[PDB]
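Below is the file protein08.tsv, which contains TSV, C-alpha atoms.
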chain	number	residue	atom	x	y	z
A	2	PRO	CA	19.03	-3.99	-17.09
A	3	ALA	CA	16.34	-1.56	-18.26
A	4	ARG	CA	13.53	-0.73	-15.82
A	5	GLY	CA	10.78	-3.34	-16.00
A	6	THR	CA	13.01	-6.11	-17.33
A	7	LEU	CA	11.66	-9.54	-16.33
A	8	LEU	CA	14.40	-11.48	-14.52
A	9	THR	CA	12.50	-14.61	-13.43
A	10	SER	CA	8.90	-15.80	-13.34
A	11	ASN	CA	7.18	-18.85	-11.90
A	12	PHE	CA	3.64	-20.16	-11.66
A	13	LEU	CA	2.61	-21.43	-8.24
A	14	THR	CA	-0.94	-22.77	-8.43
A	15	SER	CA	-4.44	-22.16	-9.79
A	16	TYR	CA	-7.89	-22.00	-8.22
A	17	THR	CA	-11.09	-23.11	-9.93
A	18	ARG	CA	-14.09	-20.85	-10.45
A	19	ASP	CA	-16.19	-23.15	-8.25
A	20	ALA	CA	-13.63	-23.27	-5.44
A	21	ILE	CA	-13.62	-19.46	-5.42
A	22	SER	CA	-17.43	-19.30	-5.46
A	23	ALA	CA	-17.45	-21.67	-2.49
A	24	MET	CA	-15.24	-19.28	-0.52
A	25	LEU	CA	-17.58	-16.42	-1.47
A	26	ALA	CA	-20.67	-18.37	-0.40
A	27	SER	CA	-19.29	-18.62	3.14
A	37	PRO	CA	-24.16	-14.55	-2.91
A	38	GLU	CA	-21.42	-13.47	-5.32
A	39	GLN	CA	-20.27	-16.10	-7.81
A	40	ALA	CA	-16.85	-16.22	-9.43
A	41	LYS	CA	-16.71	-16.12	-13.22
A	42	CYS	CA	-13.04	-17.01	-13.69
A	43	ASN	CA	-10.50	-19.62	-12.64
A	44	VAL	CA	-7.42	-17.83	-11.24
A	45	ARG	CA	-3.76	-18.62	-11.87
A	46	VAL	CA	-1.16	-17.41	-9.38
A	47	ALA	CA	2.28	-16.41	-10.65
A	48	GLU	CA	5.32	-14.76	-9.10
A	49	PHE	CA	8.19	-12.89	-10.70
A	50	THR	CA	11.29	-10.77	-10.11
A	51	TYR	CA	12.30	-7.72	-12.11
A	52	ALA	CA	14.74	-4.87	-12.56
A	53	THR	CA	13.74	-1.48	-11.15
A	54	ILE	CA	15.31	1.53	-9.43
A	55	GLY	CA	16.25	2.53	-5.91
A	56	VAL	CA	15.42	5.84	-4.25
A	57	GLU	CA	18.45	7.45	-5.90
A	58	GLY	CA	17.58	6.03	-9.31
A	59	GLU	CA	20.25	3.34	-9.01
A	60	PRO	CA	19.65	-0.23	-10.20
A	61	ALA	CA	17.72	-2.51	-7.85
A	62	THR	CA	15.50	-5.59	-8.03
A	63	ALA	CA	12.06	-6.44	-6.67
A	64	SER	CA	9.52	-9.25	-6.70
A	65	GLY	CA	5.81	-9.28	-7.44
A	66	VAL	CA	2.59	-11.23	-7.71
A	67	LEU	CA	0.54	-11.75	-10.87
A	68	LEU	CA	-3.02	-13.11	-10.86
A	69	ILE	CA	-4.34	-14.24	-14.24
A	70	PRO	CA	-8.04	-14.94	-14.92
A	71	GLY	CA	-9.25	-17.57	-17.37
A	72	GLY	CA	-12.17	-19.89	-18.06
A	73	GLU	CA	-15.04	-20.79	-20.38
A	74	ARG	CA	-17.19	-17.99	-18.94
A	75	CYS	CA	-14.16	-15.73	-18.71
A	76	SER	CA	-12.74	-14.96	-22.16
A	77	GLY	CA	-10.59	-11.85	-22.49
A	78	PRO	CA	-9.55	-9.15	-23.10
A	79	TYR	CA	-8.84	-8.26	-19.47
A	80	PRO	CA	-8.07	-4.92	-17.81
A	81	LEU	CA	-4.73	-4.68	-15.95
A	82	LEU	CA	-5.03	-3.66	-12.30
A	83	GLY	CA	-1.91	-2.56	-10.44
A	84	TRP	CA	-2.16	-3.22	-6.70
A	85	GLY	CA	-0.46	-1.72	-3.66
A	86	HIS	CA	-0.21	-3.96	-0.58
A	87	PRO	CA	-0.45	-2.72	3.05
A	88	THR	CA	2.34	-2.21	5.60
A	89	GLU	CA	4.71	-5.18	5.70
A	90	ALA	CA	7.40	-5.44	8.38
A	91	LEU	CA	8.50	-9.01	7.58
A	92	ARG	CA	11.34	-8.46	5.11
A	93	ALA	CA	11.06	-11.87	3.41
A	94	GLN	CA	7.29	-11.74	2.85
A	95	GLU	CA	6.14	-12.38	-0.73
A	96	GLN	CA	2.48	-11.74	-1.63
A	97	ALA	CA	2.43	-14.57	-4.19
A	98	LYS	CA	3.53	-17.21	-1.69
A	99	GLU	CA	1.15	-15.83	0.95
A	100	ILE	CA	-1.84	-16.27	-1.38
A	101	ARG	CA	-0.58	-19.77	-2.15
A	102	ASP	CA	-0.33	-20.51	1.58
A	103	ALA	CA	-3.87	-19.18	2.06
A	104	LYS	CA	-5.00	-21.50	-0.74
A	105	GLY	CA	-6.67	-18.66	-2.64
A	106	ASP	CA	-8.31	-17.06	0.39
A	107	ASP	CA	-7.49	-13.44	-0.46
A	108	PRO	CA	-9.83	-10.74	-1.81
A	109	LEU	CA	-7.49	-10.06	-4.73
A	110	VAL	CA	-8.32	-13.57	-5.91
A	111	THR	CA	-11.95	-13.86	-4.82
A	112	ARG	CA	-13.21	-10.37	-5.69
A	113	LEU	CA	-11.04	-9.14	-8.56
A	114	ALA	CA	-9.13	-11.82	-10.48
A	115	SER	CA	-12.17	-14.10	-10.25
A	116	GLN	CA	-14.12	-11.42	-12.11
A	117	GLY	CA	-11.68	-10.99	-15.00
A	118	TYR	CA	-9.18	-8.50	-13.61
A	119	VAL	CA	-5.49	-9.21	-14.20
A	120	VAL	CA	-3.86	-8.20	-10.92
A	121	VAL	CA	-0.22	-7.18	-10.55
A	122	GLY	CA	1.40	-6.15	-7.29
A	123	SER	CA	4.98	-5.34	-6.35
A	124	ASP	CA	6.30	-6.53	-3.00
A	125	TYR	CA	8.09	-3.13	-2.94
A	126	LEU	CA	11.77	-2.27	-2.59
A	127	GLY	CA	13.40	-4.06	0.34
A	128	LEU	CA	10.70	-6.72	0.70
A	129	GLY	CA	10.10	-10.14	-0.81
A	130	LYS	CA	12.99	-11.07	-3.11
A	131	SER	CA	14.20	-7.47	-3.51
A	132	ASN	CA	17.91	-6.79	-3.06
A	133	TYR	CA	17.31	-3.40	-1.41
A	134	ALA	CA	18.81	-3.04	2.08
A	135	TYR	CA	15.68	-1.45	3.58
A	136	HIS	CA	12.08	-0.69	2.67
A	137	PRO	CA	11.28	2.95	1.79
A	138	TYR	CA	8.03	2.89	3.77
A	139	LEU	CA	5.55	5.56	2.60
A	140	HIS	CA	8.01	6.91	0.01
A	141	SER	CA	5.85	8.02	-2.92
A	142	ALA	CA	8.59	7.90	-5.56
A	143	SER	CA	9.80	4.33	-4.96
A	144	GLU	CA	6.31	3.00	-4.21
A	145	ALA	CA	5.38	4.28	-7.66
A	146	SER	CA	8.56	3.16	-9.44
A	147	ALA	CA	8.29	-0.33	-7.96
A	148	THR	CA	4.62	-0.60	-8.96
A	149	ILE	CA	5.18	0.76	-12.46
A	150	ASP	CA	8.11	-1.58	-13.10
A	151	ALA	CA	6.16	-4.55	-11.72
A	152	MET	CA	3.44	-3.82	-14.28
A	153	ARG	CA	6.05	-3.56	-17.03
A	154	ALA	CA	7.55	-6.94	-16.10
A	155	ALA	CA	4.12	-8.55	-15.66
A	156	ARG	CA	3.22	-7.42	-19.18
A	157	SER	CA	6.21	-9.39	-20.46
A	158	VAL	CA	4.94	-12.49	-18.65
A	159	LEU	CA	1.48	-11.85	-20.09
A	160	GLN	CA	2.86	-11.31	-23.61
A	161	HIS	CA	4.67	-14.66	-23.52
A	162	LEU	CA	1.50	-16.38	-22.30
A	163	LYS	CA	-0.47	-14.48	-24.93
A	164	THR	CA	-2.98	-13.44	-22.27
A	165	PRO	CA	-5.45	-11.05	-23.97
A	166	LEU	CA	-5.23	-7.56	-22.44
A	167	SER	CA	-7.71	-4.80	-23.32
A	168	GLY	CA	-5.10	-2.09	-22.96
A	169	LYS	CA	-7.02	-0.43	-20.15
A	170	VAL	CA	-5.13	0.05	-16.90
A	171	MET	CA	-6.44	0.58	-13.38
A	172	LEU	CA	-4.95	1.10	-9.93
A	173	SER	CA	-5.95	0.30	-6.36
A	174	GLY	CA	-4.35	-0.50	-3.02
A	175	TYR	CA	-5.12	-0.71	0.69
A	176	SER	CA	-3.58	1.24	3.61
A	177	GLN	CA	0.06	2.00	2.78
A	178	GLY	CA	-1.08	0.53	-0.53
A	179	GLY	CA	-3.60	3.33	-0.90
A	180	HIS	CA	-0.71	5.77	-0.65
A	181	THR	CA	1.11	3.58	-3.20
A	182	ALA	CA	-1.87	3.50	-5.57
A	183	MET	CA	-2.28	7.28	-5.52
A	184	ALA	CA	1.46	7.93	-5.83
A	185	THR	CA	1.56	5.59	-8.82
A	186	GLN	CA	-1.45	7.34	-10.35
A	187	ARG	CA	0.21	10.73	-9.98
A	188	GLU	CA	3.40	9.49	-11.66
A	189	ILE	CA	1.66	7.82	-14.61
A	190	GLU	CA	-0.52	10.86	-15.31
A	191	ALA	CA	2.52	13.13	-15.08
A	192	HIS	CA	4.83	11.14	-17.38
A	193	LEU	CA	3.59	7.75	-18.63
A	194	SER	CA	0.09	8.29	-20.04
A	195	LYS	CA	1.09	6.76	-23.39
A	196	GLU	CA	2.47	3.55	-21.87
A	197	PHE	CA	-0.38	3.04	-19.39
A	198	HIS	CA	-3.94	3.88	-20.45
A	199	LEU	CA	-5.20	4.65	-16.95
A	200	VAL	CA	-9.01	4.59	-16.78
A	201	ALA	CA	-9.66	4.17	-13.05
A	202	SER	CA	-7.93	4.58	-9.70
A	203	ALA	CA	-9.38	3.46	-6.36
A	204	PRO	CA	-7.01	4.09	-3.42
A	205	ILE	CA	-8.29	2.48	-0.20
A	206	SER	CA	-7.79	3.88	3.31
A	207	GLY	CA	-4.53	5.59	2.39
A	208	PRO	CA	-2.80	8.42	4.33
A	209	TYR	CA	-2.77	10.91	1.42
A	210	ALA	CA	-2.36	13.80	3.86
A	211	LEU	CA	0.61	11.94	5.32
A	212	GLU	CA	2.16	14.68	7.45
A	213	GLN	CA	-1.18	15.84	8.87
A	214	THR	CA	-2.21	12.24	9.58
A	215	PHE	CA	0.80	11.79	11.87
A	216	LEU	CA	0.18	15.16	13.52
A	217	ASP	CA	-3.47	14.31	14.20
A	218	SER	CA	-2.63	10.99	15.91
A	219	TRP	CA	0.65	12.02	17.54
A	220	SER	CA	-0.77	11.93	21.09
A	221	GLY	CA	-1.80	8.33	20.52
A	222	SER	CA	-5.40	9.11	19.66
A	223	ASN	CA	-7.28	11.18	17.10
A	224	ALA	CA	-10.82	12.48	16.63
A	225	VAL	CA	-11.96	9.00	15.59
A	226	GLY	CA	-10.31	6.93	18.29
A	227	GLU	CA	-7.09	5.42	19.60
A	228	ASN	CA	-4.23	4.98	17.13
A	229	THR	CA	-3.43	1.60	18.65
A	230	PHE	CA	-0.75	0.63	16.13
A	231	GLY	CA	0.91	4.05	16.28
A	232	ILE	CA	4.15	2.97	17.94
A	233	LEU	CA	4.73	0.28	15.31
A	234	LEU	CA	3.67	2.32	12.27
A	235	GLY	CA	5.33	5.48	13.56
A	236	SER	CA	8.59	3.62	14.20
A	237	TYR	CA	8.54	2.06	10.72
A	238	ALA	CA	8.03	5.55	9.25
A	239	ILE	CA	10.87	7.17	11.21
A	240	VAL	CA	13.41	4.41	10.52
A	241	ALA	CA	12.46	4.25	6.83
A	242	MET	CA	12.55	8.02	6.31
A	243	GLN	CA	16.01	8.09	7.90
A	244	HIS	CA	17.20	5.38	5.48
A	245	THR	CA	15.64	7.16	2.51
A	246	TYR	CA	16.56	10.78	3.28
A	247	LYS	CA	19.38	10.32	5.81
A	248	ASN	CA	18.44	13.60	7.48
A	249	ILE	CA	16.84	12.79	10.83
A	250	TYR	CA	19.51	11.26	13.07
A	251	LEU	CA	23.04	9.85	13.19
A	252	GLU	CA	22.16	7.53	16.07
A	253	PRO	CA	18.62	6.23	16.86
A	254	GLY	CA	19.08	7.43	20.44
A	255	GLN	CA	18.45	10.97	19.21
A	256	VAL	CA	14.82	9.99	18.66
A	257	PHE	CA	14.09	6.90	20.79
A	258	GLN	CA	14.69	6.27	24.48
A	259	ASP	CA	16.54	3.16	25.63
A	260	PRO	CA	16.26	0.22	25.27
A	261	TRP	CA	14.17	0.95	22.18
A	262	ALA	CA	16.82	2.96	20.32
A	263	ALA	CA	19.11	-0.07	19.95
A	264	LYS	CA	16.39	-2.48	18.85
A	265	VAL	CA	14.12	-0.47	16.54
A	266	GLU	CA	16.06	-0.34	13.25
A	267	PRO	CA	16.45	-4.13	12.72
A	268	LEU	CA	12.65	-4.52	13.01
A	269	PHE	CA	11.61	-2.35	10.06
A	270	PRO	CA	11.70	-4.50	8.04
A	271	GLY	CA	13.00	-7.58	9.82
A	272	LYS	CA	12.36	-11.11	11.08
A	273	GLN	CA	8.92	-10.27	12.50
A	274	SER	CA	5.51	-9.43	11.07
A	275	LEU	CA	3.59	-6.48	12.51
A	276	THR	CA	1.00	-8.97	13.77
A	277	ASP	CA	3.67	-10.82	15.75
A	278	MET	CA	5.11	-7.59	17.13
A	279	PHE	CA	1.73	-6.34	18.28
A	280	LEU	CA	0.54	-9.60	19.84
A	281	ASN	CA	3.80	-10.22	21.69
A	282	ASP	CA	4.52	-6.65	22.82
A	283	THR	CA	7.84	-6.36	20.99
A	284	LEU	CA	7.51	-2.59	21.43
A	285	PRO	CA	5.52	-0.74	24.10
A	286	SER	CA	1.80	-0.11	23.67
A	287	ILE	CA	0.50	3.31	22.59
A	288	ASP	CA	-0.37	4.31	26.17
A	289	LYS	CA	3.37	4.33	26.96
A	290	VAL	CA	4.34	6.54	24.02
A	291	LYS	CA	5.97	9.08	26.36
A	292	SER	CA	8.41	6.44	27.58
A	293	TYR	CA	9.17	5.35	24.01
A	294	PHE	CA	10.17	8.50	22.12
A	295	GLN	CA	12.72	10.96	23.48
A	296	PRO	CA	10.73	13.76	25.18
A	297	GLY	CA	12.46	16.39	23.03
A	298	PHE	CA	11.57	14.75	19.71
A	299	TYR	CA	8.09	13.95	20.99
A	300	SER	CA	7.22	17.57	21.80
A	301	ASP	CA	9.09	19.00	18.79
A	302	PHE	CA	7.33	17.02	16.07
A	303	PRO	CA	3.80	18.43	16.60
A	304	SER	CA	4.93	21.99	17.32
A	305	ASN	CA	7.80	22.47	14.88
A	306	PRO	CA	7.19	22.25	11.11
A	307	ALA	CA	10.99	22.26	10.69
A	308	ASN	CA	11.25	18.88	12.44
A	309	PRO	CA	13.20	16.68	9.94
A	310	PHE	CA	10.94	13.63	10.24
A	311	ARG	CA	7.92	15.88	9.75
A	312	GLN	CA	9.59	17.42	6.68
A	313	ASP	CA	10.18	13.96	5.21
A	314	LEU	CA	6.51	13.08	5.73
A	315	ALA	CA	5.51	16.32	3.99
A	316	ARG	CA	7.65	15.46	0.95
A	317	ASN	CA	5.45	12.40	0.66
A	318	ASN	CA	2.07	14.11	0.87
A	319	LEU	CA	-0.14	13.35	-2.15
A	320	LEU	CA	-2.29	16.49	-2.09
A	321	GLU	CA	-0.82	19.14	-4.39
A	322	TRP	CA	-1.86	17.99	-7.84
A	323	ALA	CA	-4.87	17.65	-10.14
A	324	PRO	CA	-5.97	14.03	-10.79
A	325	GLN	CA	-7.09	13.43	-14.38
A	326	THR	CA	-8.21	9.81	-14.03
A	327	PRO	CA	-11.69	8.95	-12.69
A	328	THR	CA	-10.87	8.26	-9.05
A	329	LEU	CA	-12.77	6.84	-6.09
A	330	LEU	CA	-11.28	7.13	-2.61
A	331	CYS	CA	-12.72	4.53	-0.25
A	332	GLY	CA	-12.46	4.27	3.50
A	333	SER	CA	-14.47	4.13	6.71
A	334	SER	CA	-15.39	6.85	9.19
A	335	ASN	CA	-14.88	4.19	11.89
A	336	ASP	CA	-11.17	3.98	10.91
A	337	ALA	CA	-8.92	5.32	13.68
A	338	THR	CA	-5.65	4.11	12.12
A	339	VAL	CA	-6.05	6.14	8.93
A	340	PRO	CA	-8.84	8.74	9.43
A	341	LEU	CA	-11.14	9.31	6.46
A	342	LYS	CA	-10.12	12.95	6.88
A	343	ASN	CA	-7.31	11.95	4.52
A	344	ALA	CA	-9.70	11.41	1.61
A	345	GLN	CA	-11.72	14.53	2.46
A	346	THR	CA	-8.56	16.64	2.62
A	347	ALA	CA	-7.29	15.16	-0.64
A	348	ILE	CA	-10.52	15.87	-2.53
A	349	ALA	CA	-10.69	19.43	-1.24
A	350	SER	CA	-7.11	19.96	-2.45
A	351	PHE	CA	-7.83	18.38	-5.84
A	352	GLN	CA	-10.93	20.49	-6.43
A	353	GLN	CA	-9.01	23.64	-5.53
A	354	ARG	CA	-6.53	22.67	-8.24
A	355	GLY	CA	-9.24	22.29	-10.86
A	356	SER	CA	-9.99	18.57	-10.68
A	357	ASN	CA	-13.50	17.16	-10.20
A	358	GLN	CA	-12.40	13.62	-11.08
A	359	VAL	CA	-12.26	12.38	-7.49
A	360	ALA	CA	-15.17	11.06	-5.43
A	361	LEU	CA	-15.41	9.49	-1.99
A	362	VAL	CA	-17.27	6.50	-0.56
A	363	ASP	CA	-17.61	5.58	3.13
A	364	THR	CA	-18.09	1.98	4.27
A	365	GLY	CA	-18.38	2.84	7.95
A	366	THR	CA	-21.33	1.83	10.13
A	367	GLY	CA	-22.12	5.44	11.00
A	368	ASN	CA	-22.02	4.52	14.69
A	369	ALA	CA	-19.17	5.91	16.81
A	370	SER	CA	-19.43	2.78	18.96
A	371	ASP	CA	-17.66	1.02	16.10
A	372	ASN	CA	-14.82	3.55	15.83
A	373	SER	CA	-11.59	1.64	16.32
A	374	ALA	CA	-8.04	1.15	15.06
A	375	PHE	CA	-9.19	-2.32	14.02
A	376	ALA	CA	-11.90	-0.91	11.77
A	377	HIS	CA	-9.02	-0.15	9.40
A	378	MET	CA	-8.57	-3.80	8.38
A	379	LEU	CA	-12.29	-4.15	7.66
A	380	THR	CA	-11.99	-1.67	4.78
A	381	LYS	CA	-9.71	-3.91	2.73
A	382	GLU	CA	-12.35	-6.31	1.43
A	383	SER	CA	-15.36	-4.03	1.94
A	384	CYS	CA	-13.77	-1.29	-0.15
A	385	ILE	CA	-12.40	-3.66	-2.78
A	386	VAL	CA	-15.99	-4.78	-3.35
A	387	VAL	CA	-17.39	-1.23	-3.34
A	388	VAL	CA	-14.83	0.36	-5.67
A	389	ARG	CA	-15.04	-2.58	-8.08
A	390	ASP	CA	-18.83	-2.22	-8.26
A	391	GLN	CA	-18.97	1.58	-8.34
A	392	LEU	CA	-15.94	2.45	-10.49
A	393	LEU	CA	-13.72	-0.36	-11.81
A	394	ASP	CA	-16.49	-2.36	-13.52
A	395	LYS	CA	-17.78	0.80	-15.20
A	396	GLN	CA	-14.38	1.64	-16.70
A	397	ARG	CA	-13.57	-1.81	-18.10
Would you mind writing the structure in this file as structure tokens?
Amino acid sequence: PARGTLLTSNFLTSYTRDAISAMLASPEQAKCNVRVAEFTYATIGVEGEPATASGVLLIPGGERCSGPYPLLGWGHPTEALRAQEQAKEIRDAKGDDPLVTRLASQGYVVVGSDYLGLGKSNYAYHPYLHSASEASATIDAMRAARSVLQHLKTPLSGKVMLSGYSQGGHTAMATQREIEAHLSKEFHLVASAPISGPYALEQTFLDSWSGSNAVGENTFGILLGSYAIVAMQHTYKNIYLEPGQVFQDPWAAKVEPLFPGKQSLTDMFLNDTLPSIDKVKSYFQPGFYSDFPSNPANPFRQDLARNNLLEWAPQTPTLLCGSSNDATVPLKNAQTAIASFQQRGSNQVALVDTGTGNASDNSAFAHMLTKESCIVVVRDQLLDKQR
């Protein structure tokens, strides 16, 4: 099947404009009812081979919400639970998700891929933080969603936008780079708003390698770092033959099945599935642990570098959002990205900070606060203006 081919589609539920406004009042008022749909489609693996993936599609509608509507591609955050589907999660939350309450409720058609290896995808693993497949999965999800929209005769303006949070910010930017570089005719990209993404991927890991960075403690480092190592090994197959080369026992034998696996990151963190960040020296092999930050030739480090999103010149109006309180993904990422873009001749990228400005609020948990705060800010400052 050709990339983007729609394999299956299904509508789950719909939320009224008033129901959404009620959630917002607990003041912004929704203007659209929102329909939730799910779908599966044909796409490609990391080697360009055929693969499948699933996705979520939010469709606005209503008497005060006539089209045409812009199409917003969305990148979701780190997901360790293999079976997780965004569409069903929103359904379970009965509409309580910012994609519904802040974007779709305002007339934005939202499409998000669950990514390779997650949701209903047939991929054996998830290429975590892999720019190429994050982009291919997102692009093909948008292609398939357009087929669903065509059949429904949903009025689209033709304008396309991108956004995403956390790993999704990396996804959003990687997708933006790919569309500008090859698919500008197919997708009329008018706005991109990556949120709290690790654009300077390699440097981000280096900065927090000790377990803490200039902002604060990288509390979820063992979980996120492990996901990255296992995924990069699957994708590039150039780090280790046996996990024991990188992880100490008993961790070496139990780490691969977890990323992705039968547990969510929330579950793993609350129930201490893996050691806490303060015990990082008992987790990673001492050799690998000292080699990574001091040796640019380290294979895992090299794989992270291949996925940096710094060396290019963005053409689409872009707004990077984050918080200076964020210790999981330091805002340094956005600052570094913009400096690199400007050096390459691009002045299309701006930055916005939603932090409190008080170091007392610096925390790994401040990361999650940027999801809705930034969605609201980028919508107001950039997305709405490009509709």
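With distances taken over all atoms listed in the file, A:175 is the one residue among A:175, A:279, A:246, A:215 lying closest to residue A:380.
Shortest atom-to-atom contact with residue A:171 among A:57, A:266, A:150, A:394: A:394, counting only C-alpha atoms.
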Q) Any idea what the distance is between atom CA of residue A:259 and atom CA of residue A:300? A) 17.6 Å
Sort by chain and increasing residue number a table of all residues of stretch 127-185 of chain A within 8 Å of stretch 86-105 of chain A, each with its closest pair of atoms and their distance in Å to one decimal, counting all atoms listed in the file, and write it as a Markdown table.
| residue | atom | partner | partner_atom | distance |
| --- | --- | --- | --- | --- |
| A:127 | CA | A:92 | CA | 6.8 |
| A:128 | CA | A:92 | CA | 4.8 |
| A:129 | CA | A:95 | CA | 4.6 |
| A:130 | CA | A:93 | CA | 6.8 |
| A:138 | CA | A:88 | CA | 7.9 |
| A:174 | CA | A:86 | CA | 5.9 |
| A:175 | CA | A:87 | CA | 5.6 |
| A:176 | CA | A:87 | CA | 5.1 |
| A:177 | CA | A:87 | CA | 4.8 |
| A:178 | CA | A:86 | CA | 4.6 |
| A:179 | CA | A:87 | CA | 7.9 |
**Q.** Nearest residue to residue A:324 from the set A:76, A:223, A:292, A:352 (distances using only C-alpha atoms)
**A.**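 Nearest to residue A:324: A:352.
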Q. Restricting the calculation to only C-alpha atoms, which member of A:316, A:381, A:161, A:136 is positioned closest to residue A:336?
A.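 Ranked by minimum distance to residue A:336, first place goes to A:381.
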**Q.** Residue neighbourhood residue A:288, 12 Å, all atoms listed in the file, exclusion window fewer than 4 positions, as a VMD selection string
**A.** chain A and resid 219 to 222 227 to 232 284 292 to 293
Q | Among listed residues A:198, A:140, A:397, A:156, nearest residue A:237 (using all atoms listed in the file) | A | A:140
**Q.** Distance criterion (only C-alpha atoms): nearest to residue A:387 out of A:252, A:329, A:298, A:244
**A.** A:329
(Q) One number please: atom CA of residue A:52 to atom CA of residue A:147, in Å, one decimal. (A)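 Value for the atom CA of residue A:52-atom CA of residue A:147 distance: 9.1 Å.
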Close residues, residue A:385 itself excluded, 10 Å, only C-alpha atoms, min 6 positions apart in chain, as a PDB file with C-alpha atoms, in the frame of the given file:
ATOM      1  CA  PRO A 108      -9.830 -10.740  -1.810  1.00  0.00           C
ATOM      2  CA  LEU A 109      -7.490 -10.060  -4.730  1.00  0.00           C
ATOM      3  CA  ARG A 112     -13.210 -10.370  -5.690  1.00  0.00           C
ATOM      4  CA  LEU A 113     -11.040  -9.140  -8.560  1.00  0.00           C
ATOM      5  CA  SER A 173      -5.950   0.300  -6.360  1.00  0.00           C
ATOM      6  CA  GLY A 174      -4.350  -0.500  -3.020  1.00  0.00           C
ATOM      7  CA  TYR A 175      -5.120  -0.710   0.690  1.00  0.00           C
ATOM      8  CA  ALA A 203      -9.380   3.460  -6.360  1.00  0.00           C
ATOM      9  CA  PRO A 204      -7.010   4.090  -3.420  1.00  0.00           C
ATOM     10  CA  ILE A 205      -8.290   2.480  -0.200  1.00  0.00           C
ATOM     11  CA  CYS A 331     -12.720   4.530  -0.250  1.00  0.00           C
ATOM     12  CA  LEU A 393     -13.720  -0.360 -11.810  1.00  0.00           C
TER      13      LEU A 393
END
Q | For atom CA of residue A:8 and atom CA of residue A:151, the interatomic separation in Å (one decimal) | A |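 Separation between atom CA of residue A:8 and atom CA of residue A:151: 11.1 Å.
The residue set within 6 Å of residue A:201, counting only C-alpha atoms and dropping same-chain residues fewer than 4 places from it, reads residues 171, 326, 327 and 328 of chain A.
Within 10 Å of the point (-18.0, 3.2, 2.9), and counting all atoms listed in the file, the protein, DNA and RNA residues are residues 330, 331, 332, 333, 334, 335, 341, 361, 362, 363, 364, 365, 366, 367, 380, 383, 384, 387 and 388 of chain A.
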Box dimensions and centre (Å, one decimal) enclosing stretch 287-305 of chain A, axis-aligned, 6 Å extra per side, as lines of an AutoDock Vina configuration file:
center_x = 6.2
center_y = 12.9
center_z = 21.2
size_x = 25.1
size_y = 31.2
size_z = 24.7
Q) At most 6 Å from (12.6, -10.5, -13.1), file frame, only C-alpha atoms: which residues, as an MDAnalysis selection string? A) chainID A and resid 7:9 49:51
